[PDB]
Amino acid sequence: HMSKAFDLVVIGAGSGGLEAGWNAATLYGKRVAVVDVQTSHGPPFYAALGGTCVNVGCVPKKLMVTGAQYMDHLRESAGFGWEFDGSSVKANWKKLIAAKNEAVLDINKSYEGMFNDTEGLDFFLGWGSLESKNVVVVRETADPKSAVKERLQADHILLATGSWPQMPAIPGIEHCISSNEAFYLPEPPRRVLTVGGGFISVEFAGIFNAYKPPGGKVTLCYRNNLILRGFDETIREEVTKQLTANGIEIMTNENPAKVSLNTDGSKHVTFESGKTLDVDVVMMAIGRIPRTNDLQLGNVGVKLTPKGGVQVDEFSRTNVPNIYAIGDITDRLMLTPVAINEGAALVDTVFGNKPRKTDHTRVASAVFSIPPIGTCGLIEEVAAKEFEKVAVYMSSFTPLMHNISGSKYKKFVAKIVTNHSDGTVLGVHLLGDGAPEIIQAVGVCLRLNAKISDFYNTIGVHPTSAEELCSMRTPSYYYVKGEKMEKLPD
């Protein structure tokens, strides 16, 4: 049962856990154990070796959004002279899912090869939990009464089990799915309700909108007034219009009260307001919660936050000295590259003895909505509270290609938020094609404390959308002590 001492035992072979494990083994020559619940994607556990991103997150959803974008490309090609039989166009969901599955499986297999070929980096199949401060027990199932496969003696323990979809406690919740199941639907739904205002709901609404069979309809509902809270307000409003223009129904200030089955097997959703909707799939995407319930954290007294995340300091330390937590389990920025950076920083701190912490400010991120979002740093509302004088530079225009394409609704939006006292760029927010690619090097600019003048004195690359960031010299409006106004008082 008991193992030889590992320097590090990682529970969860995902984005953060694999970076920590790999770095500890290869950069510092340490003996590392990594635990996960299966070696390949999909039911019943969905996540697997590689993590949520590889298996049921960033990687497959990006492939599926790319697939969905072809609906727009096929239509838009006509404006540039492409002609074909429109009545022959069919979207084969089964083919998409099969191709996605092969791609994810290849990644699963490549991670299996990493463990085989790397000395001092060992994989253990099963469910990890804390028996004591220096013992991780690996059992056959999530049930703590299931059979022990081994006990891993651990000098250090890393909790990196990620998050899991939140499901509301409403009648007929068992008739709904999450993003996990959406990845394995045997057929594309004719009618679908995506529940939530966040990026997962918005992204899947776009995917379903493109692959739906004839006479179909995608509806997104959100309990508050405006989707995508935490993103730039102009972009939130503008994405809503552009989703609507592509046939997606957006129900704001609406929330399901119950779901029941119609006699034909479809789902009848009743909302709190009294509204109803019949759909084939109800996909819940209202949040993700830290995955702590199976770790038996009470055995060692690892503290959780009020919201349920493992409580950590800036260096990923729990209240128990040799036990650390990174990634989505900490309930902060649920992004793969953040988990990776936290894992790397942790290993440098613990095994390199040079403390390093992840900077959670000015992190660039994206929403692969159609059209997509790219963002880095503060929205103007948040900046207006932290700084006395804030300037907002805004450009909004339909690119010339979309006059020709017939998608006149596709406005590109670029916004730069600054501290007007010294011109320091506090945030950049982009909506439109290429936005996720444009924003990466903007992340590097914000790390370097770029000012607005560093942007407008840089020579543009023409013709691009990106050059709009270097063409904004004069603020569109300001915030003075929190108060919006077009001009500054003298």
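Residue positions are given as counts along the sequence shown, with the first one as 1. Basically, rigid core = biggest C-alpha set you can superpose within 1.5 Å across the two forms.
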Higher Cα RMS in 9 other deposited structures of this protein relative to the shown form (core alignment), 258-266 or 384-392, goes to 258-266
Which stretch is less alike in 9 other deposited structures of this protein, 97-105 or 355-363, counting RMS CA distance after the rigid core is superposed?
-> 355-363
For 215-223 versus 394-402, entry-based mean Cα B-factors point to 394-402
Mean Cα B-factor check, 381-389 vs 236-244, entry values; winner is 381-389
Member of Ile177, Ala364, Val195, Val350 with the greatest C-alpha B factor (per the PDB record) = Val350
Based on what the PDB entry reports, which of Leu335, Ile200, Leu152, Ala103 has the top C-alpha B-factor?
-> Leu152
Cα B factor band for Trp93 (lowest, middle or highest third within the chain) = middle
Could you say whether, by C-alpha temperature factor, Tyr46 belongs to the lowest, middle or highest third of its chain?
-> lowest
Compared with the other modelled residues in the chain, in which third is the CA B-factor of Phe315?
-> lowest
Temperature factor at the Cα of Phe183, chain-ranked in thirds, falls in the lowest
Quick tally, chain-level thirds of C-alpha B-factors: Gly327 sits in the lowest
